[PDB]
Each structure stands twice: as C-alpha cells, then as structure tokens.
Amino acid sequence: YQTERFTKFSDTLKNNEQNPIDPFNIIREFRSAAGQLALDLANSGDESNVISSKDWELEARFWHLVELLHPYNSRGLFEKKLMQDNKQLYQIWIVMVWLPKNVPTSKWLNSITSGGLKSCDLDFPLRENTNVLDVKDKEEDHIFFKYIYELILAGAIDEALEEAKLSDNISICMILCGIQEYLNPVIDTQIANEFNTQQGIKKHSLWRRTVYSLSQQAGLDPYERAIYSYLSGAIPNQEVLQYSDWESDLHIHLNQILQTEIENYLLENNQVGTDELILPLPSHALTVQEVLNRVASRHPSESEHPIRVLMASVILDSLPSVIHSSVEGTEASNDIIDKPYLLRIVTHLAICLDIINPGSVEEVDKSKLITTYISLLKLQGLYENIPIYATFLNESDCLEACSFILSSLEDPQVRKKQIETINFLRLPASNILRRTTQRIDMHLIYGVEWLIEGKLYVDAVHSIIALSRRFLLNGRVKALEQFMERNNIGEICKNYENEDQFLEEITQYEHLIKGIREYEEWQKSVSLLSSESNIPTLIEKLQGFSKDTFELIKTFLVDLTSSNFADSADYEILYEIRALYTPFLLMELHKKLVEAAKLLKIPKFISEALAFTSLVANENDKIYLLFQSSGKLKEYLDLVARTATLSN
Amino acid sequence: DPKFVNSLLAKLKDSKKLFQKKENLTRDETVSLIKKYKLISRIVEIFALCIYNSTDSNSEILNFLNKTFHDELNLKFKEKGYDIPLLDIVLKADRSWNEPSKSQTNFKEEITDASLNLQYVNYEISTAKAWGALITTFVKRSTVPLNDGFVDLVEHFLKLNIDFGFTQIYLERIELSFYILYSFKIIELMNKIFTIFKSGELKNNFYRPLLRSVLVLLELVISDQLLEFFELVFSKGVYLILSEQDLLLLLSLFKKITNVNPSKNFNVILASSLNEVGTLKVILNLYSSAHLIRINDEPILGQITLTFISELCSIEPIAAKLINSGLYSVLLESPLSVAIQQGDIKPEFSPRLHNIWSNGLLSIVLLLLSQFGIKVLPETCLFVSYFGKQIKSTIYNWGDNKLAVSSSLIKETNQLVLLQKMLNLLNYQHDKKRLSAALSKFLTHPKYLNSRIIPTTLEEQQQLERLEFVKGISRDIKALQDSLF
C-alpha cells in the first residue's frame, strides 16, 4: 500500500520540470523517503505496518549497499596493492564490514587464597579449569564478547579492542593488536610517513594460523573463540550469528573467501613459508555465487523479501539477471506477483539505473516493468501517475492505451506530462481530442490551452494570434471561435499596448466582404426590376450604398503599427489581400452601372463608370501602385471606356 | 521565518527621549530603548491584526489616548547624529588613574554605539513609518474628534523636522496631515522646500527624494513660495523633454500645482508666467514631427502630449496662451497625410491617430469658441478650409449600410458639426440634410443600427464586457442630431 510511497518516488524522477541532473541524487531522495515512510508507520498504525516499515528499512539498507610502492616491501604494501589492483575483492571487504559497561579491572587476589593460583595470567585458566580466578569476569568473557560480535560487522577491530580492554582482559587484548600487519619506516615507504615507529606483526601469517588453532580449541567455549574464527576468516561457529538471517551468513562466508586468497596472493609475494604456520594453510580459492546458493537454500525466509534478493545481486554484480527475473516471471509466467514491493521498487530502479549504466538495465526490462506498474496504477485508482510512467513508454507498446487515458483533461502540471505523452507518442488528430467532451491542425485548436499558465505566458498571446491568421487564410472562422475563447487575457507589459490592432484587422476584413456581398442583391433587386410605383426610391439607393463601402477613407488594408506586435508579415499579408481583392471589386463595381436596369440613380445616362479613374488615383487605398505603371494602368484607361459603351 | 518582531502584549506607552532624558545613543538607556522598539514592533504587528479586522468587522475599532494607538508623544528622526570619532585622538594617550578610567569608559561606550545605532535605525524604521499606516486606516474609517488627536501629534513632528534644514524619512508629518484635511498643514513646514531644494532644477540624479516629498507638500488650504518654486518646476522642469519621449510625472505635478492654496482663479498670473518664457510651446513640435532632439517620430509620443495639451486647455487663460503661438501651426506641420487629411479618420489602421484627433484637436478648438469667441475668428475659418474634405465626407460617407464605423467616429462628427454651428454664430460678420436622412434611416432600422456600428479599439470591446456600448451610441446621436442642421 502506502500510495504516499509512490508519490515520494515519482516526484524525484520528475514538480516535474526539465533541468540537467546527475541521477545519484535520485537515489538519495529515494533513501530520504524510505527512512520517513519507515518511521511514520513504525510507531503508529497496526503491527503489519511495522513489517511494511521493516521492508522499507531493507530498501534503505540496499540503497546504502550500492556504494559501499613496488621495489621491496613488508606485508603492509602487499595488502594495499591487492586491494588497489582489483575492485571486486575491495567491494567484498566493504560489504562484510558494513551493517557502555563500567568495569573496575583486577584479578589474582581471591584465586591463591582458596587453593592454588601460583602464577598470575589468564593462561592459568588454560592449563586447567576456567573457574580458577574470579568468576564474575568469567561472566565478562561471555557477555562483553557478545557485544564484540555486533561490533565486528559494524566494522573495525580497534573498536572491539576498546571493549576487550573493559572486559577485564589485558593480555588477551594483545590478540587484537596482533591483527595488525607490519607498518614500518624500515620496510614500507608510503607507510613510513603516517607512522614513524613499528606497528603490527611481521610474523602475521604464523599469528593467523595460531589464532586459527583457537577457533577450534575445545577448551575455549564458543563465546570467546567466535571472534578468533573471524580473525583468520570466519568459520560459522554460531556466535558469529546474532541476527541469523541471509546476510549474517553471507558476512562470515565472504570473510573466509578473502582470507584464504590473501595467503595465496602472499605466497606470490612470499609471506607464507613453512615457519609461517602451526597448521597447514587453506590454499583453495573460494567462489562467491556457489556460497550464495548455500545461503539461498538455507534461508527461504529471506526469499520472501525481494529486497534482500536485490541486495545479493549487487555483490554478485549481476543486475540485468535479477531485473529480467522480476518481469515476465522467468518466461511468460506469474510468480513476481507474490511480493508487493517487487513490481514497485524494481520498477523505480529500472528507470533510474538506466540513466546511470545503460547496459545494466536491459532497456526492454524497463519497458515491461513500467507497463506492469501502470496496470497496477490502473487498479490502484491513480490516474495522475499513468502519464508520468508512460513518458518512458514508447510508440510500440501502449499507443492507443495512452490515448484513451490522456483523453481526460485535468490539473496544470499534469497537462505538461499530457503534452509530453501526446506529441511524444505522435497522436495529433486521432481520438484524444474529441473524447474531452464525451468523456493536422486539430491539436493546434487544443494546444492553445497549455499556454495560459506562467513561464509560457510571455509566449502565449504571441502564438495565439499567429495561429489565428494561419488558418484564417486557409479559412475556418468556426475554429477561429476557438482561438478567441482560448485567448490569453493579457497582452499589456506585465504579461511580457502591444496587441490590439488585430481587433481592427478583423473589422476591416468585414468592410471588404460586404462589398463583395452587395453585388448579389444588385442582380436580384436592381437589374431584373424596371418598374415604378415609388420603386426608384428603393433600387436607386441600393446602388449608392455599395459605392460608399469598398474603401476605408483613412487607409484601407495597411498595418505596420506599434499597437501591432513586431513582424513584417502583419504588413505584407494586408498588402497581398489588398492586391488580390481590390481589382476584383473594381471589376464588380463596373457592372453595377452598365448592366443594371437603372444605369446611375438616373435610369439613362452615364458619367460615373468614367470616374473610376479618380478612384484609382485616390490614396484612400492607394490604387495607383496597385496597378502597375504600364500594361495594367494603360489598359485600365481602355477598361472604363469599354464599359462606358457596355451601358449601350 | 524567523520573523523580526518578538516580545510582549500592548499595554505600555513609552520609548521616548523624555522619560530616558536626552543622554543618548551610547549607553544602557538606549539599550532599553532599542529592545523597546522590538516591543513596539510586536505591538504594531498586533495592530496589523486590527487592520485585517477593520476589513471584517470589530467592536469599536477607534480607540485613542482594539487598544489605544496614541503611545508616541515624540517621534525621533535623530539618527538619520552623534559623532563617534574625534573623541579618539584624546584616547591616544589616556589611562593613568580613575578619571582616565571614566574617560576610557565613555569612548568604549561609543564602540558600543557603533553597533547600537545600526540596530536603532532599522528598528525605529519598522516602528514609525508603520504608525503612520495605522493613522491613515483610522481616517478612512468613520471620523471621530479623536482623529484630531492626529492634529495634536503631527504638529510635534514637523518642529522635530527642524534640527537640520535626512529627507527620505521626512514624510511622517506631511502625508498624515494630508489625510486630515483630505477627510475634512503648517505653513512653516511647507516653506522647507524653498529653503533646501534650491541649487538647480539637470542634477536630478539625487533629486528623487525632493520629488516624492514635494508632491504631498502641495496640499495646502495664493502662496508666495508658489510663484517662485514654479519658475523652476514645470517651466524649466518640462524643458528637459526638448533636452531628452514625454514623461508621466511632469503633468501629474502640474495637477498638484492646480490644487494648492487657492490657484483656481489665479489662472491669469499662471498663464502669464508661462507665456513670458519661450518654453511650453516647444513641445508642440513633437506631435508635428519629433526630431528636434533627434528622437524618431513614433505615434506613441502623441499619446502623452495629448494629455499634456488637454490638462492645459481646461484652464481658459492657459488655453489661450497657446492659440496664437500656434496650434494652426502644428496641424500644418503634420507628419502624415494619410491619417489627418483623409475624410474620416478610421480606427482601422493605427487607432493611435484615431483616439488623438477625436479627444484632442477638436474639443480644444471648441472650448476656444465656448467663451462666445471673438478673438479666434480668422484662425477658425482657416481651420474649416483646412479640413474641407473632412467636413464634406463626414456628412456624405453614411449610407443606410456603412460598416467600419465606431462610437469614436460618431464622437468626431459630433465635434465637427458642433464646431461649424458655433463658427457661424460667433463670426456674425450646407448638405447636412443628407446625414439627417441617413441617421433617421438607421434609427427606424434597429437591426442595421446594431449591426453596422461595431467595436474596434480595445476600449470598445470592454464596452460590451451590460452593453453600455449602445448607451453611448444613443446619447451620442441625440446630441449629434440636435446640433445638426
């Protein structure tokens, strides 16, 4: 459940804004969310929400667990070069390492008095009974060693030294200074400078095979020795277990894989000899994946946690193989459906990992996983994350599926994701855009809705009026109704007189149309009627009206002004309209006086199809440069003479 | 957050220099004071809550002397003060005993003052200029004779303007006075501009506090100060537009000059003082064709110069000071001949020149015939000749179908017919019948009426965003047809 978990991991992926990103942050945002979910149901809620919060504590841990000379040397520089010149062993070491008492000290009083003691040391304990000294520090060899077993997988041994020293031990704590290799200004040259004195043991391999004899010593009870196993590489002696789970096995496992193989490596560098053991050395190299099959069969109690399976696979370093088993699973089967965090958490990482390493996510397994997530979002009853996860979707799968999701229109930030699956999946004139009311330039009608909000409010009213004049020449005043109710309100300075000449550009277009229109009702009402009963005062006026409406007295069809926004296609377009329609009306106006029943507003007699000449000479529409100097203008003196004799 | 208020409920009324006698800006007395201006901070945050319930509703908002709001019987403008250095060359050998030890403590006390004045100043700023806010909201709430305690307090704060005469906090004594006699000061205070200001006009690169100040200083209820100050402002004020795009606040400060201690009937000496100087008659040329200063002629220039000649032509002497020195001039100096010489100035194509020729340029010349004009006679005949083409078109143009007309153009012909009427009466030493026919024709035809006349300018669309548009058109044709022969 926790649909708050989903929001908290889908915002990080992207407030879905576009900026440069380094996708390490998206792991950190994921960890920050994981801790806080893991708290908010781990102290309120029921108790199944404490297991839900236990799972999310695993998720945190795993996102923690992705991250984490030459010439003659001691054993110290060998070990450094080892870790230098491989990085799968260096990581293996980092895994096993990653996850208060008050004691007055002293002994040896009470021991001599009852019986024998005879020599002071905790080696008296080892010649015979471990009851021979004080028995409330026999207590401490169990108990403070138990604290030490939590500590060593919390890292370090010098931590464990400081607690060994409170354990009333002061010569059995020398064994934890023994674990140091020789670091010296006599035999190292880059460890001769952070130390100016001798450190560790240069018989560190005879130390290792002698602290390994104690790991099997049968006078030593398990609550001492289990750390002596571990100091020479960990045999699983059951008190290096305190968590006993999948990862507690694996730490002690991996400890022994490195501890066999360092002696081998030191047989190349020759720190192993025949004076360097009391017990013959295990020069068998140990394999990671096979000891994981031991672990896997041992704990089918951690096969139910898929996150614990994600944890395993990064130490394998086999990320495509897990990601391909968690979508279909294996091969066309359902078996990935029985953990409820499998299909979620491995979905999130498939996205975010593909941007880190793009061989690491197969990229087909991303595709299948976000589809699986989107169907489960369909069944959630969410529908404002089905956009967010179908950006990553492709036109091959879920074309029309996303069409019909994105049919409903909603919240501003969600419209930004809408656009980025609409025009991403290339659907512009399908059946998104009519299932908005029920439920190629169609989408320009629908693409002037997106501009009202900020950050594209400065580009808003600019593009609106552009798209008006683009499909006003083509023609579509029904659709011009839908750029003028999808019109941005603001266009002043604080949006950015600006744009308010366009208001009048529509109005001088109607002065042009009426002029074209009035030639129809001329052939009807004038030129087929030639009778009188007070009909002169009705048909002779109609002819006059059309003469008064075909030029704007100031200037017709010119604009270039400052109440117009910048562009020279607001000047040209008016010019191109002017030259195509202005001689069309002069051809119309010429037959309105020569073929009409009444030739003027006098039935006979003509003078005013010879005063067209003055009407091209006028600068009310400047029709003296709209007829070119020769071949048009010359032939036009022929034209009004031609029609002056068309009255006859 | 954190916020800059903090400490304690109102019920304390001091942080004077009276209680803590003038021994200040160096010592513990001042320290009580600066943390007292933290007090007054939280008290006036509390009084912001009283303005948010001035809006909503509250029992007896006014309360003086809710909470009482009188609590400063002096405001301090004393740190703008006290010199800190040049007690410190004495310091350079002092120390030998306990009279030195007294000395040395007074100068260490001023290394304390060096912190404390910075604090002080931020905090009296938060204090005082918000006290004024509170005062003003009390005034716009219903008047009481406790907003005359406002008179009692403002008076003590223009006499504590003087101690100097900085000036960018001097407004806590001007504009408070302004709310009093606006809803319903001190001659002395208002002299301060004629004292300080005078060193120029150019070197308005630090004159912005003076302008702010001056504005609200002009409020008084003629000033001899007024004639003097005026020779520099909006005589030589406006010169700088020929020494530059014309600018808002010149013509606005003119409006404040109009409203000051009586100038209403002194219109004669204002017009004279303006006429003597050659300016205020150079700017006319900008609308003609701007290039006097090499600023390229854009019709945006006209939009502001319009408001200028408008605010002039109201006042009949200031109107007349212009006709001779040439308006008939400016018309003849015209930039375009496709937009002032055609028969009807159309909203289509450039409604800039369309707003201009309607509002001004007709109503100005009419007013000049509203005096039962006897002076303007040849100039106005000449001006019917000039636009002879427009007189015959504005009659003729209309059929009973004539689209591409606006309410604006109707106004222009109201203007035009009104002018020809007065011209004929007022000399005392025709085809209008056409437009009477046309208008009846559209009257009896409501459909052609409503349809042909259409909105074009931005203004007009808002005239349909109640349909006050038609309302305008009715009262229009009333007066138009009344004046028409």
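Residue numbers (PDB author numbering), protein chains in the order written: chain q, 7 to 20, 27 to 80, 96 to 126, 136 to 364, 372 to 482, 506 to 562, 575 to 726; chain X, 1036 to 1100, 1119 to 1133, 1157 to 1241, 1247 to 1265, 1276 to 1292, 1303 to 1322, 1332 to 1354, 1383 to 1567, 1593 to 1628, 1633 to 1652. In this text, a Cβ means the ideal position worked out from N, Cα and C, and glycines have one as well.
Item	Value
6 Å Cβ shell around residue 678/q - same chain, five flanking residues per side excluded	686
Limits of the unbroken alpha helix (DSSP H) element including residue 1618/X	No alpha helix (DSSP H) holds residue 1618/X; DSSP gives it neither H nor E.
Residue 691/q burial status per 10 Å Cβ neighbour count (16 or more: buried)	exposed
Near-chain X residues of the region 698-713 of chain q (beta-carbon distance less than 9 Å), N- to C-terminal order	698 and 700
Distance between residue 282/q and residue 422/q (C-alpha atoms, nearest Å)	34 Å
Range of the contiguous alpha helix (DSSP H) that encloses residue 295/q	282-304
Coil, strand or helix - residue 111/q by DSSP	helix
Where residue 163/q falls, given that 16 or more other Cβ within 10 Å makes a residue buried	exposed
Integer-rounded CB distance, given that residue 1215/X should sit under 8 Å from residue 1223/X	6 Å
Contact between the region 270-284 of chain q and the region 184-197 of chain q (3+ Cβ pairs under 8 Å)	yes
Distance between residue 50/q and residue 12/q (C-alpha atoms, nearest Å)	14 Å
Under 9 Å (Cβ pairs) to chain X, residues found in the region 522-537 of chain q	none
Whole-angstrom distance between residue 1494/X and residue 1640/X, CA atom to CA atom	20 Å
Residues sharing a beta bridge with residue 217/q, DSSP	237/q
Chain-ordered neighbours of residue 1695/X on chain q, where CB pairs are closer than 8 Å	Any question about residue 1695/X goes unanswered here, given that chain X covers just 1036 to 1652.
Neighbouring residues, chain q, relative to residue 1482/X (Cβ below 7 Å)	631 and 632
Any chain q beta carbon closer than 8 Å to residue 1599/X	no
Nonlocal neighbours in the same chain, by C-beta distance under 8 Å from residue 1284/X, ignoring five residues either side	1311, 1314, 1315, 1318, 1335 and 1339
Beta carbon of residue 434/q nearer than 8 Å to that of residue 452/q	no
Extent of the continuous alpha helix (DSSP H) run through residue 394/q	385-399
Inside the region 1406-1436 of chain X only - alpha helix (DSSP H) runs reaching at least 4 residues	1422-1426
CB of residue 1247/X within 8 Å of CB of residue 1133/X, strictly	yes
In DSSP terms, what residue 1543/X is bridged to	1616/X
Residues from the region 602-627 of chain q in contact with chain X, defined by Cβ distance under 7 Å	622, 623, 626 and 627
Short Cβ contact (8 Å threshold) for residue 1549/X with residue 1643/X	yes
Within chain X, partners of residue 588/q - CB distance below 9 Å	1541, 1542 and 1617
Exposure of residue 1173/X, with buried meaning 16 or more beta-carbon neighbours within 10 Å	exposed
C-alpha gap between residue 15/q and residue 560/q, whole angstroms	37 Å
Buried or exposed by the 16-neighbour rule on C-beta atoms within 10 Å, applied to residue 1489/X	buried
Buried versus exposed call for residue 264/q [16 or more other C-beta atoms within 10 Å across all chains shown]	buried
Whole alpha helix (DSSP H) elements within the region 163-190 of chain q, 4-residue minimum	176-187
Closest Cα partner of residue 1217/X within the set 1412/X, 1309/X and 1095/X	1095/X
With 16 other Cβ atoms within 10 Å as the buried cut-off, status of residue 110/q	exposed
Distance between beta carbons of residue 1530/X and residue 1449/X, contact taken as under 8 Å	Actually they do not touch by this definition, with Cβ atoms about 33 Å apart.
CB-CB length for residue 535/q against residue 651/q, believed under 8 Å	7 Å
The region 1496-1513 of chain X contacting the region 634-650 of chain q, beta-carbon criterion three pairs below 8 Å	no
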